[PDB]
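Here's the structure we're looking at; comments come further down.
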Amino acid sequence: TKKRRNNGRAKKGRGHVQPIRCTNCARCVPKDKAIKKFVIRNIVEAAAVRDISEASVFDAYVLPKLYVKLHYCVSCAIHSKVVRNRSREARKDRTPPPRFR
Amino acid sequence: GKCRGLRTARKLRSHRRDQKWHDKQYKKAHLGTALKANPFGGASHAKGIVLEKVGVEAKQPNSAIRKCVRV
Amino acid sequence: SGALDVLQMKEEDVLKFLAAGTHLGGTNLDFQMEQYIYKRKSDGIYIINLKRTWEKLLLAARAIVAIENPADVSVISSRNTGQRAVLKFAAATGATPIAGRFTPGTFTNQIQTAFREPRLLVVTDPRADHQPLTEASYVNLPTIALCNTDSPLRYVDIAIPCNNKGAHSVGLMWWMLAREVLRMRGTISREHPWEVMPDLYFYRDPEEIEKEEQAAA
Amino acid sequence: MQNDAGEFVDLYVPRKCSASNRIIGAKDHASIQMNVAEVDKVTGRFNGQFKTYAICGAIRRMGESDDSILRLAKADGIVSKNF
Amino acid sequence: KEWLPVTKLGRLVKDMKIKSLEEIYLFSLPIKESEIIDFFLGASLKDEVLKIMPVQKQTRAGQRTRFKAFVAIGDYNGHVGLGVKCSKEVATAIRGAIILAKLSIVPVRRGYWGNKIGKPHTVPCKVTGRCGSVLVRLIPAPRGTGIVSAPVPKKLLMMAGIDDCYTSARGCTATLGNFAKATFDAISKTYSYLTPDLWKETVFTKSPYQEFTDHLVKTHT
Amino acid sequence: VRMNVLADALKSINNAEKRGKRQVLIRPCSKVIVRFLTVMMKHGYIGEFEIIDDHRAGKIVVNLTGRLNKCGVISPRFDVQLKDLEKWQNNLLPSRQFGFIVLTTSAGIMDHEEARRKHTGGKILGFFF
Amino acid sequence: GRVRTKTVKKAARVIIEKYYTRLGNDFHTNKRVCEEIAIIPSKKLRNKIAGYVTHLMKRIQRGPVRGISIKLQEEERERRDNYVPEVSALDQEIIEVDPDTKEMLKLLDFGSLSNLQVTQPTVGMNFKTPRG
Amino acid sequence: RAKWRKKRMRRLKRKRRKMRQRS
RNA sequence: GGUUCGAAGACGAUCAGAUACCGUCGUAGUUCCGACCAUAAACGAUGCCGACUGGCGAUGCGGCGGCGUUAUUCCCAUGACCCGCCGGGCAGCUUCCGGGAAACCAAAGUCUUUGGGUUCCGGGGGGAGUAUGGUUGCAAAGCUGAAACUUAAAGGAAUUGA
RNA sequence: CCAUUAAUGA
């Protein structure tokens, strides 16, 4: 049966998009179908910030970041536990998870 | 019906004449292939000659050895 | 109510409507509540027409007074704003109050202890009391509702457009409805103002209760 | 519902909604008879006579009940003509 | 044996201050007591079981078969019903089906075809009723015809007193539950179809709850 | 495109009767539509109406009551004699007590009882009950 | 795992509801009180009921309890409901009036009033939360 | 699988055409 | 012209076996031009045109009206924001309008109260998109398209256990 | 990282 209204992707009037290769595997996924994570990353998080703040030359030098837009498919996202299965009454609730932690 | 015109009688008649053939009973009644392939030839009874007697194994769950005759 | 000098709108009623803020509606707009709003303000808050509010209050007071028995009139509130208001309204009228914990099935399940077959339902908020609308869909129960500009009119039967969020406004409209039904039925005349103060019907914040207890002694 | 003789032969006559002009079934358990009271023009109190109205369940579950009650009361003279 | 009243309408029945169930069907009050119909129409009331349907669900310890009873109920004049109840044993299933049927009888309509002399015999107009895919259509019939129908809705119309009716069936009519509920919805919508003979305005009489509102608070709570 | 103006207008008033509007605006104004509305007026299923007559396809506003169950249409215009009209009212009307099948004749646009009175068949237009 | 069950809890609620004056704070007093007022067939169940009575009395001394009907707390609730405050905040000498409300009051019967104060309209139509 | 059943039937059709073309 | 990737194929692993998944390569191909074939889960599994039937928050187009903020500052007027309205374009949310077997659908509704107009297509599942005949193509293949024979099931939605 | 299969009727 028809499981989703937008059929597993985010296409309604386009019809065809360009393919993007996955990051975990090399799966050719449509652009609007792929799970996209704009991963922000402070290059050190807990341990070595205390070491850099006393071993750096410049006083109060801000740490750099590293932005990566990761593209996963359905199999890679569920195998790496990015997205999970939900109940049919909670499938339509497409609110993103919050930023509590 | 699908087309509901005032003078679509030949269209409806030709469409139903083409779509009667897709029924199984109409095709079996109005083509001579099944009537030729019928060994009776559209008959009810036929006399024949016994040539051998065959024990046929039965089907699914109900099993037996039925006694048929090659006529 | 129809071209009658007795049931007109009073200057003190205008002053109390402006002091409570019953005309100050909600931000959004309902498709059924379009014929009770005159003009949208700045900052996107609608103006409920106070004269048509008084007319719908008069019609709901007709619906209350036309019921002969006052004991089988259920007055419902589930939010914390209207519990004291509906309790004191039932104590002043003779109605039966609901103040929190509305059990689903009090109108349909006979084996329950709190089973009642009333004649009139007076609803504080539609979204808070959507469940009495569901029991009134199966038991022939007319519905009076203190609606807002955003409140839908699903399963209601007569509505009074008000501000269902302000604790002063809700209690002031319950006070107006209680004084109107007491002036209609043969208990209290219309010449003298009603003795019991309208601050009795307002729900109090327990922080305000502690502040008044500190200020009293 | 009269026969050739003219006798009322049906076993009941159903109610009719005063808003949509449609009859009410036997298990239409949402149909409501609204009762509007009367106010004397010289006293200002309840009189004793009523104004009855019928609401079928479809108008309630659609959402046009109080608009129809307001229009019927304005037509019968309960609500003032200004409004 | 002595019935204790629970509902207000049942208290009115025990007080005998309503003459029939005609005012109850007029004001559309829900009948939730099985003794009211045994009081009013319980003299000529008849119970006939249509089908005991063995439905079951699969548990971890095999299956659990619980029987589902269908009961056609009604006296032979104007009032019938269809009751459905599934329970563990067939006796309690049939008993609960008779109870729910007494809670949910409907009045049926009989009218005339053409000439209007005598008693009404047929369905007055082409009506229909459905649930699921079973579609049951009721057609007016002339006099002397009979109930030209399947045996189960012929039994329901013989209970209903409609002497002459043509029927039409659409869908998988082997499902006797949906078939009986479809003809039940048809004979219920007979009294819901707007007939042009009902053009007279409805002078609304007083409800009995508003009639006897003092006795209902002086004889009990 | 708009093939049957009469069928479109009667489906519009059928949707208006199914929803429960007191009045409806059907967008074109045809002679068949106006005569059909006057037939429903003289047989008392709808209220009294009015037309808005610009110098185009005009508009029609019909005050509706609940006495109209369903207003249908029979397309195309089939020929109806006096020998088949019993079968027409048998398979189209709900009963022989109420309901009227209109059919246009050269004497005028009229229903089936008036066709039986005047003894004249013609082209069928629709049904209303 | 020391968790009381419903046969302890509902019976203890009925005991405190019917005999609130006889019960107190001390465990070895209200234990014997519950023994004398209620027929409990076993010392273990009696001790469970008495301990839950002491814990509910601690909840009463800390504050209000939802699932109980004490006559003294009901009288205090009725007194706090029937308490009449000082003069109202509805009776004010200055009432802020929006200009469109002033226009609709002018279109009504009472146009010019005594103790109203018309204010300036909120310039700048920014009242919606941004999206996302 | 219907895809390899269709491809098997295409190879079988090629075999039938070759065995007819031999004659 | 062959950078990367990579049908066939070689080699190294795992496996009882791998003539696969994994890795190192690697022909045809993937890139451009001139000629072919017309096949996709070519799907929205929902033909095209027309009329009607709840709203809500948007967004894109063009136009219109109205507090104000900000640039051309040197005002009007044009750019960028705010609130609405107008026609449809992809859409989204609630739902006892209504439909359907249900999932669901503001269309999959206006359907036993059955008729707006119009092209293609289905009559249980296999055999079978097969044989033959005609036709197109360099070929692979494409269009039209059976029958004999065989079976009482095949299938769709939804529920409970496992 | 590897994991193949459980003879027919009831």
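Normalised radius of gyration for the protein assembly as shown, please: alpha carbon Rg relative to 2.2 N^0.38 Å, two decimal places.
Details: Rg = 38.3 Å, N = 977, 2.2 N^0.38 = 30.1 Å.
Ratio of Rg to 2.2 N^0.38 Å for the protein assembly as shown: 1.27.
What is the mean number of Cβ atoms from other protein chains located within 10 Å of the Cβ atom of each residue in peptide D:4-10, rounded to a whole number?
Details: counts 5, 3, 0, 0, 0, 7, 11.
The mean count of partner-chain Cβ atoms within 10 Å per residue comes to 4.
Name the residue from B:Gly55, F:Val61, D:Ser80 whose Cα lies farthest towards the positive end of the charge dipole of the protein assembly as shown, charges +1 on Cβ of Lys and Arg and -1 on Cβ of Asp and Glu.
B:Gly55
Rounded to whole Hz and in sequence order, give me ³J(HN,Hα) for the range C:99-111 from the Karplus expression 6.51 cos²θ - 1.76 cosθ + 1.60, θ = phi - 60°, writing x for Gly and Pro.
10, x, 6, 7, 6, x, x, 6, 9, 10, 9, 7, 6
Just to confirm the filter: which GluC sites (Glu not before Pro) across the range E:8-109 are DSSP coil and have at most 15 other Cβ within 10 angstrom of their Cβ?
On the way: sites: E:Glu22, E:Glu23, E:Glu33, E:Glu35, E:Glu48, E:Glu89; in loops: E:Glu33, E:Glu89.
Passing both the DSSP loop test and the Cβ count: E:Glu89.
Answer with one residue from E:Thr221, E:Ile94, E:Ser188: the one whose Cα lies farthest towards the positive end of the charge dipole of the protein assembly as shown, charges on Cβ with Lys, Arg +1 and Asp, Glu -1.
Positive-end residue among those listed: E:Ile94.
Given a cut-off of under 8 Å on Cα pairs at least six residues apart, what relative contact order in percent is computed for chain A?
On the way: 84 pairs, mean separation 27.0, N = 101.
Here the relative contact order equals 27 percent.
Just counting partner chain Cβ atoms within 10 Å, what average do the residues of peptide G:94-105 show around their Cβ? Display every interim value, and only then the final one.
Values: counts 0, 3, 3, 1, 8, 2, 7, 9, 0, 3, 8, 6.
Mean number of neighbouring Cβ atoms from other chains: 4.
Using a Förster radius of 35 Å, what is the FRET efficiency between B:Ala9 and F:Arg56 based on their Cβ-Cβ separation? Nearest 0.05, please.
Numbers: r = 36 Å, r/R0 = 1.04.
Efficiency, from the Cβ-Cβ distance: 0.45.
Got a sec? How would C:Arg116, A:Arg86 order by Cβ neighbour count within 10 Å, fewest to most?
On the way: C:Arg116 13, A:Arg86 10.
Ordered from fewest to most neighbouring Cβ atoms within 10 Å, C:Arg116, A:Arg86 come out as A:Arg86, C:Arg116.
So for chain G, considering every pair of alpha-carbon atoms, how many percent are separated by more than 25 Å? Don't jump to the answer; show the numbers that get you there.
On the way: 4962 of 8646 pairs.
Counting every Cα pair in chain G, those more than 25 Å apart make up 57 percent.
Normalise the Debye intensity by I(0) for the range F:49-101, one equal point scatterer per Cα, no solvent, then take log10 at q = 0.13, 0.19 Å⁻¹ and round to two decimals.
These q points yield log10 I(q)/I(0) values of -0.55, -0.86.
Just the Kirkwood number for the range D:1-82, please: inverse of mean 1/r across all distinct Cα pairs, in Å, one decimal. Mind dumping the intermediate values first?
Values: mean 1/r = 0.0666 Å⁻¹.
After inverting the pairwise mean of 1/r, the radius is 15.0 Å.
For the range E:120-170, give the magnitude of the charge dipole about the Cα centre (Cβ charges: +1 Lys/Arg, -1 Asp/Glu; no others), in debye to the nearest 20.
On the way: 7 positive and 2 negative charges, 38 e Å.
So the magnitude is around 180 debye.
What GluC sites (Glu not before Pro) in chain D are in a loop by DSSP, with at most 14 other Cβ atoms within 10 Å of the Cβ?
Working: sites: D:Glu7, D:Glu38, D:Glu64; in loops: D:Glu7, D:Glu38, D:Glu64.
Listed in order of number, the matching sites are D:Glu7.
Tell me, what ³J(HN,Hα) does each residue in the range E:40-45 have, in order and in whole Hz, if you take phi through Karplus 6.51 cos²θ - 1.76 cosθ + 1.60 with θ = phi - 60° and put x for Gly and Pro?
6, 9, x, 6, 9, 6
By per-residue mean of other Cβ atoms within 10 Å, what is the highest-first order of F:100-106, E:58-64, C:150-156, A:18-24?
C:150-156, F:100-106, A:18-24, E:58-64
Peptide E:17-30: average number of partner chain Cβ atoms within 10 Å per residue?
Values: counts 0, 0, 0, 2, 3, 4, 1, 2, 8, 6, 6, 15, 5, 7.
Per residue, the average neighbour count from other chains is 4.
Before anything else, pin down the relative contact order of chain C: Cα pairs under 8 Å, at least 6 apart, normalised by residue count, whole percent.
Values: 358 pairs, mean separation 50.6, N = 217.
Computed value for chain C: 23 percent relative contact order.
With runs of 4+ DSSP H residues as the only contributors, calculate the mean residue ellipticity of chain A at 222 nm using -39,500 (n - 2.57) per run, divided by the residue total and rounded to the nearest 500. The partial results should precede the final answer.
Working: 2 runs with 13 residues, N = 101.
About -3000 deg cm²/dmol.
Report D for the range C:44-138 in µm² per second (integer): Stokes-Einstein, Kirkwood Rh on Cα pairs, 37 °C, 0.692 mPa s.
Answer, rounded: 226 µm²/s.
Report the residue, chosen from C:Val123, C:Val65, C:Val170, that carries the largest GNM mean-square fluctuation when chain C is represented by alpha-carbon nodes joined by springs under 10 Å.
Looking only at C:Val123, C:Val65, C:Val170, the biggest GNM fluctuation is shown by C:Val65.
Could you give the size of the charge dipole of chain D about its Cα centre, using +1 on the Cβ of each K and R and -1 on the Cβ of each D and E, expressed in debye and rounded to the nearest 20?
Values: 12 positive and 10 negative charges, 77 e Å.
I would put it at about 380 debye.
Net charge near C:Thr81, counting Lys/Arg +1 and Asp/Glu -1 over other residues with Cβ under 14 Å of its Cβ?
Within the 14 Å Cβ shell, the charges total +2.
If you take the Cα Rg of the range F:1-68 and divide it by 2.2 N^0.38 Å, with N the number of residues, what do you get?
Details: Rg = 11.4 Å, N = 68, 2.2 N^0.38 = 10.9 Å.
Scaled against compact globular proteins, the figure is 1.04.
To make sure I understand, if each residue's beta carbon is the centre and we count other beta carbons within 10 Å, what order do A:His71, E:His220, E:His79 fall in, fewest to most?
Numbers: A:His71 18, E:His220 9, E:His79 24.
If I rank by nearby Cβ atoms, fewest first, I get E:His220, A:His71, E:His79.
Expressed in whole Å with the largest first, what are the equivalent ellipsoid semi-axes of chain A derived from the C-alpha gyration tensor as the square root of 5 times each eigenvalue?
Working: eigenvalues 278, 58, 30 Å².
Calculated on Cα positions only, the semi-axes equal 37, 17, 12 Å.
Sort C:30-37, C:127-134, A:41-48, A:1-8 for me by packing, meaning the mean count of neighbouring Cβ atoms within 10 Å per residue, highest on top. Working shown, then result.
Working: C:30-37: 16.5, C:127-134: 18.0, A:41-48: 10.1, A:1-8: 8.0.
For the peptides C:30-37, C:127-134, A:41-48, A:1-8, the packing ranking is C:127-134, C:30-37, A:41-48, A:1-8.
Using the Karplus curve 6.51 cos²θ - 1.76 cosθ + 1.60 with θ = phi - 60°, what ³J(HN,Hα) values do you get for each residue of the range E:104-116, in whole Hz, with x for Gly and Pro?
Running phi through 6.51 cos²θ - 1.76 cosθ + 1.60 with θ = phi - 60° gives 10, 6, 10, x, 9, 10, 10, x, 10, 10, x, 5, 10 Hz.
Going by how many other Cβ atoms sit within 10 Å of their own, how do A:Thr95, E:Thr195 line up, fewest first? Please list the in-between numbers first.
Values: A:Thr95 5, E:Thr195 21.
In order of increasing Cβ crowding within 10 Å: A:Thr95, E:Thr195.
Identify, among A:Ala48, A:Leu66, A:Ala90, the residue whose Cα sits farthest towards the positive end of the charge dipole of chain A, taking +1 on the Cβ of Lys and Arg and -1 on the Cβ of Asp and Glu, with the dipole about the Cα centre.
Projecting each Cα onto the dipole axis, the largest value belongs to A:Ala90.
Given C-alpha coordinates of chain F, what is the ratio Rg to Rh with the Kirkwood estimate of Rh?
Values: Rg = 14.4 Å, Rh = 15.0 Å.
Answer for chain F: 0.96.
Of F:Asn90, F:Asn15, F:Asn69, which is the most mobile in a GNM of chain F whose springs link Cα atoms less than 10 angstrom apart?
Comparing F:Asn90, F:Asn15, F:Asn69 in a Gaussian network model of chain F, the most mobile one is F:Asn90.
Calculate the radius of gyration of the Cα atoms of chain C to one decimal place, then report Dmax, the largest Cα-Cα distance, as a whole number, both in Å.
Considering chain C through its Cα atoms, Rg and Dmax are 17.4, 53 Å.
Given the options E:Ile139, E:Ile147, E:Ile18, state which has the largest fluctuation in a GNM of chain E using a 10 Å cut-off (strictly under) for Cα springs.
In this elastic network of chain E, the residue with the biggest mean-square fluctuation among E:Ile139, E:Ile147, E:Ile18 is E:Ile18.
Amide H of A:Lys33: which non-local residues (sequence gap of 5 or more, or other chain) have their own amide H closer than 5 Å, using H built in the peptide plane?
A:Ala10
Here, each number is a calculation from the coordinates, and none is a lab measurement. Please note: Cβ atoms are built from the backbone with ideal geometry, for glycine as well, and neighbour counts cover all protein chains shown.
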